[PDB]
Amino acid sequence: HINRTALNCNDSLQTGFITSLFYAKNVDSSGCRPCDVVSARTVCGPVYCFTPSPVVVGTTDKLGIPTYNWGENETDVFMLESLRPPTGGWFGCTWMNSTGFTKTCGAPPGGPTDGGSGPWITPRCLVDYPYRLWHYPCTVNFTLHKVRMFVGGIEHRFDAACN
């Protein structure tokens, strides 16, 4: 099951983002697109999609058959479109690309009260997930709030990181 995480990591800018995956490092604060198909060869670390609650997406081929090649082959992809809620609610995903840039996908915000791109439910709030501080280092001082809500019939329990 670990073979299904993309591990194409290349710290070409000596920022040390890969080191946070393997060693305990607190975050420094000196510095502080449609969800279709992403090629796994450009991905480093886990791929999270946020159907209200966060879900981990593993490497598959184009049919959706799970592969175990660490995302190294060109056929390995991430089928983000399959994770969309059937009822048409808010949807988004995020991951780290090979050179340490946080990438996001999602519908364009139809208003200040509408959702964001990745795990941004609110312009001020962020869906909490185990790799939040790795992809979003500046949200460390954000406050957590337990959220219960029904969307399309399904109850979703998750936490939101707000200012």
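Numbers follow the displayed sequence, beginning with 1.
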Deposited but uncoordinated residues in the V56/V57 interval: none
Selected stretch [higher average CA B-factor]: 105-113 or 61-69: 105-113
Stretch exceeding the other in mean C-alpha B-factor - 91-99, 23-31: 23-31
Chain-relative CA temperature factor third for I154: highest
Ranked C-alpha temperature factor of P52 among modelled chain residues, by third: highest
Relative C-alpha B-factor of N3, binned into the chain's lowest, middle or highest third: middle
